[PDB]
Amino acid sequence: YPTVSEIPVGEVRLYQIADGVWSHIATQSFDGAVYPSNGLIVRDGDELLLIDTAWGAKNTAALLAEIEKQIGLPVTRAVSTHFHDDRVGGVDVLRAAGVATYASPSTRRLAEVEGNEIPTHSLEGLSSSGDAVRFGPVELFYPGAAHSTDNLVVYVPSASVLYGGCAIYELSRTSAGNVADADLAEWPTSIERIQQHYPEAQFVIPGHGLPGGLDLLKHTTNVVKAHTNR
């Protein structure tokens, strides 16, 4: 799996998880440190569905170029899983390229208030904790407030891939990440909704870092509970 040390600045790598399912990996500086960040690509017939930008306009242009080089099918729709820049930063690049960009109404509102890029289309049916909707080759799920109040997770039923976004931490992360907009009180309950809804998931992708199994959900709960008590 691609890591920071393998990814030059402004570049994107793809990792094929299953037939027609990839993660995309980019890097970005934040407060002087370099972070990896993951999104998803899911084949949708002879088109592609993109989950999340690559954390900025430059990275997202590089993402589109790497998709063309390695896959060669058009990205027609994109979903942003919450309102922060690792998820919507680059939406303007996607829109200018002809991609239809989507997010929940909650995410669109929070992005506008925060001054971040705003996906065009609104995803209905995701406003109450536990809600799920189909979107092409994926299911979108709103587990409740966690890393952010609007965070969605994405499941690929054909491949048993669960993309947790920033609500799910990689195993190497043993203290809180960016929690400025987090709901610490609800985060473990929201993770439990994910576990209860996707107990069949085989391949779990965090917002940042290395994939794993469903152990990443318990790990994230452990870290979040420890932070609550600290």
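The first residue of the shown sequence is 1; numbering continues from there. C-alpha atoms forming the largest set that superposes within 1.5 Å between two forms make up the rigid core.
Undergrad: Rigid core fitted first, then name the stretch among 31-39 and 54-62 whose C-alphas deviate most from the displayed form in 8 other deposited structures of this protein.
TA: Relative to the shown form, the greater RMS C-alpha distance in 8 other deposited structures of this protein belongs to 31-39.
Undergrad: Which is higher on average in the deposited entry, the C-alpha temperature factors of 22-30 or of 44-52?
TA: Averaged over C-alpha atoms, the B-factors run higher in 44-52.
Undergrad: For the C-alpha atoms alone, is the average B factor greater in 196-204 or in 182-190, going by the entry?
TA: Averaging CA B-factors over each stretch, the winner is 196-204.
Undergrad: Report the option among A145, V153, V88, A159 whose CA atom has the maximum B-factor in the deposited record.
TA: The C-alpha B-factor peaks, among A145, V153, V88, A159, at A159.
Undergrad: Which of these has the highest Cα B-factor in the record: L140, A100, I71, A103?
TA: In this record, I71 carries the highest C-alpha B-factor of the candidates.
Undergrad: How does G213 rank on Cα B-factor within its chain, lowest, middle or highest third?
TA: As the PDB entry reports it, the C-alpha B-factor of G213 lands in the highest third of its chain.
Undergrad: Taking the C-alpha B-factors as the PDB entry records them, is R134 in the lowest, middle or highest third of its chain?
TA: Its C-alpha B-factor, which the entry lists for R134, ranks in the highest third among residues of this chain.
Undergrad: Please place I7 in the lowest, middle or highest third of its chain by C-alpha B factor as given in the entry.
TA: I7: CA B-factor falls in the highest third of its chain.
Undergrad: Just say lowest, middle or highest third for the CA B-factor of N116 relative to the other modelled residues in its chain.
TA: Middle third.
Undergrad: Please place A61 in the lowest, middle or highest third of its chain according to the CA B-factor in the PDB entry.
TA: Middle third, going by the recorded CA B-factors of the chain.
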